[PDB]
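Since the structure comes first, as structure tokens, the remarks are kept for the end.
When a ligand or atom number is given, it counts from 1 through the structure's own listing order. In what follows, every heavy atom counts, from backbone to side chain, and hydrogens, waters and symmetry copies are set aside. Note that the numbering runs from 1 along the sequence shown for the chain.
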Amino acid sequence: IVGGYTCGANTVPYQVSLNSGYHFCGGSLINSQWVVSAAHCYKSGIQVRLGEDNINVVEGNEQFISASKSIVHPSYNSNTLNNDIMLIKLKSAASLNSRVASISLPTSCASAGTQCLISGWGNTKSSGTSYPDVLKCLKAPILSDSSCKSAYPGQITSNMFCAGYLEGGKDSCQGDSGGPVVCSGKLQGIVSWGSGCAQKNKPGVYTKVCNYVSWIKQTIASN
Ligand SMILES: CP(=O)(O)c1ccc(C(=N)N)cc1
Ligand SMILES: [Ca+2]
């Protein structure tokens, strides 16, 4: 997260860190046994870490659980990043309390103009590199599909939306990938891609979760 603020420990309870020896992507807890992330975050050997603030210190509220299975969307295209969404089932259910909570799936798509909360442990600079130890947050609006398509000609599909500031300076970044975009208490997006981070006229591109609700529910109902 470039240009954001320190969230505060456990103030984003559905935020997860995907660890394979080190933090490599974010994700969101959608029920006690399932996590949603970006398909471009896929790897074998994922350990899911819940209840994290400082990912380098054990502070007392963590639950580290291994994944028993991961399911990349059937239509994921790694060249275009269309359908950049994956499901990860945990080996055992997480214990839910006020600091580890699921985030509700959307019942409708959110509109341009809606303000959302984006969070993650990714890079905090647009030029160099500086990864934070504690969770960063950014409030940003969903942009209109026209400006989104204007910023990225021939690249935005109906499964994507832009959120951010055209002026630059505030955006998600590398390391935030797979993380949540929550608007009015519902998971609306997944940190997916963008050109560089926080550049002028290159807002962040997010997977449009409302389009995948049926696929998520039935996949979890059969696995
Ligand atoms: C494909 P990725 O995971 O490296 C990524 C994700 C988000 C951005 C951004 N918001 N500018 C840039 C790159
Ligand atoms: Ca920790």
Side-chain angles (χ1 to χ4, degrees), residues 1-4 6-13 15-20 22-27 37-43 47-65 72 76-86 99-100 116-127 129 131-143 148 151-152 155-157 159-181 188-208:
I1 302 292
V2 181
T6 298
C7 310
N10 311 298
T11 60
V12 194
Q15 169 85 226
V16 337
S17 162
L18 295 201
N19 187 110
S20 57
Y22 47 88
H23 167 83
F24 75 87
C25 266
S37 188
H40 83 260
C41 280
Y42 165 86
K43 68 173 51 184
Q47 174 181 246
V48 165
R49 306 193 150 204
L50 303 50
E52 289 284 17
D53 188 44
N54 193 128
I55 54 167
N56 276 326
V57 178
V58 167
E59 297 181 286
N61 288 297
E62 302 94 345
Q63 302 184 37
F64 299 163
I65 308 173
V72 166
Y76 171 57
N77 179 330
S78 67
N79 285 329
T80 69
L81 291 185
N82 192 25
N83 298 298
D84 188 14
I85 185 173
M86 147 187 78
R99 322 168 82 98
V100 174
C116 305
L117 175 66
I118 303 166
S119 49
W121 287 278
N123 192 1
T124 61
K125 297 222 330 218
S126 12
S127 269
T129 282
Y131 287 83
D133 287 328
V134 303
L135 190 70
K136 294 293 183 174
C137 275
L138 169 65
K139 292 191 181 179
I142 288 162
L143 295 178
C148 189
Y152 296 107
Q155 306 152 77
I156 299 306
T157 64
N159 298 316
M160 313 175 184
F161 71 85
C162 285
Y165 296 89
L166 284 179
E167 348 140 0
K170 299 206 208 63
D171 200 1
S172 57
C173 201
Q174 204 254 84
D176 291 321
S177 336
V181 181
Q188 291 286 181
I190 295 154
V191 178
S192 180
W193 64 273
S195 3
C197 307
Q199 296 302 107
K200 178 37 190 143
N201 288 138
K202 284 307 148 125
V205 185
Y206 297 88
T207 302
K208 200 178 235 250

Considering non-hydrogen atoms of the protein only, which is the closest contact for atom 4 (O) of ligand 1, and what is the distance?
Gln174 CG, 3.9 Å
Looking at ligand 1, would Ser192 count as a contact under a 4.0 Å heavy-atom criterion?
yes
Do any nitrogen or oxygen atoms of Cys197 come within less than 3.5 Å of a nitrogen or oxygen of ligand 1?
no
Please tell me if the side chains of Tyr76 and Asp84 come closer than 4.5 Å, counting only heavy atoms from C-beta onward.
yes
Those atoms of ligand 1 less than 4.0 Å from some heavy atom in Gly204:
10 (N)
Would you mind reporting whether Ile118 and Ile1 have side-chain heavy atoms less than 4.5 Å apart?
yes
Heavy-atom side-chain proximity of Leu18 to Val48 below 4.5 angstrom
yes
Any side-chain heavy-atom pair of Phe64 and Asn19 under 4.5 Å:
no
Report, in ascending order of atom number, the atoms of ligand 1 lying under 4.0 Å from any heavy atom of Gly196.
9 (C), 11 (N), 12 (C)
Counting only heavy atoms closer than 4.0 Å, does ligand 1 sit against the backbone of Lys202, its side chain, both, or neither?
neither
Nearest non-hydrogen atom to atom 10 (N) of ligand 1 belongs to which of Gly179, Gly164, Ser177, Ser172?
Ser172
Value for OH (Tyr131) from SG (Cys173), rounded to nearest 0.5 Å, stands at 6.5 Å
To the nearest 0.5 Å, tell me how far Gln63 CD sits from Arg49 CZ.
12.5 Å
Check each of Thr124, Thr6, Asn123, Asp176 against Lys136 using the side chain to side chain donor-acceptor pair (under 3.5 Å) test, and report the only one that passes.
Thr6
Considering only heavy atoms of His40, which atoms of ligand 1 have at least one such atom less than 4.0 Å away?
1 (C), 2 (P), 3 (O)
Tally, protein N/O/S atoms nearer to the Ca ion (ligand 2) than 3.0 Å:
4
Judged by modelled atom types alone, do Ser119 and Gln15 share a side-chain donor-acceptor pair under 3.5 Å?
yes
Out of curiosity, is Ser195 lining ligand 1, as in a heavy atom under 4.0 Å away?
no
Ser177 vs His40 side-chain heavy atoms within contact, under 4.5 Å
yes
Looking just at side-chain N and O atoms, do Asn77 and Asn82 make a donor-acceptor pair shorter than 3.5 Å?
no
